[PDB]
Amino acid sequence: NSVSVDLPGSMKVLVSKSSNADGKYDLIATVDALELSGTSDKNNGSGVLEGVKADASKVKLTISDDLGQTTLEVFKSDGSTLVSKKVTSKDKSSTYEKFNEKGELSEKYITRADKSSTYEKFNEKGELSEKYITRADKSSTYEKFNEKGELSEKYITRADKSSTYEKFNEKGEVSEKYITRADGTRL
């Protein structure tokens, strides 16, 4: 029968030459316990697979032609309003997005090859409300944005266990500024 192919994002696709078709390969994959299927013109497991949840949600798996990237989209029953989207590359980096009921981006979680991560949260308007960056060196950045799209809070943490906290007021200039450095030498 069929041949198994590994895919970025810890998934697998089964590829087998199509009989009742012509020059096509049939693809089947099981993803989060849902069966997806499609057909491809190539013999490496690239191509598009689709599925349908029992709530009639549509699931689309796209595998790029050289297998370096997979995209897993979950749509509402209309087949067009996004619910979620997971992109994973071969280098293990990935972007996961969650959308609200009308398809506006609600959360984004990025992971890089060095395993730094960036986590963004959006309001219902769809604008950036929060941003949190963790880095490989163990530094971290926190940003809170107000209703006016202005920065209102920032918190940087460095590898030497130091810190810098800042609050911003109605004017874009800093109003507070904690600066912690070597040991517990505050400011």
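Throughout, we count residues from 1 along the sequence that is shown.
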### Summary
Comparing 6-14 with 160-168, the higher average Cα temperature factor in the PDB entry belongs to 160-168
### Query
Going by the B-factors listed in the PDB entry, is the mean over the C-alpha atoms higher for 74-82 or for 110-118?
110-118
## Note on the structure
Per the deposited entry, the peak Cα B-factor within the set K144, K60, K148, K53 goes to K148
### Criterion, highest CA B-factor; candidates, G126, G38, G68, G45
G126
### Query
Compared with the other modelled residues in the chain, in which third is the CA B-factor of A33?
middle
### Query
Lowest, middle or highest third of the chain for the C-alpha temperature factor of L27?
lowest
### Modelled-residue ranking by C-alpha temperature factor, third containing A136
highest
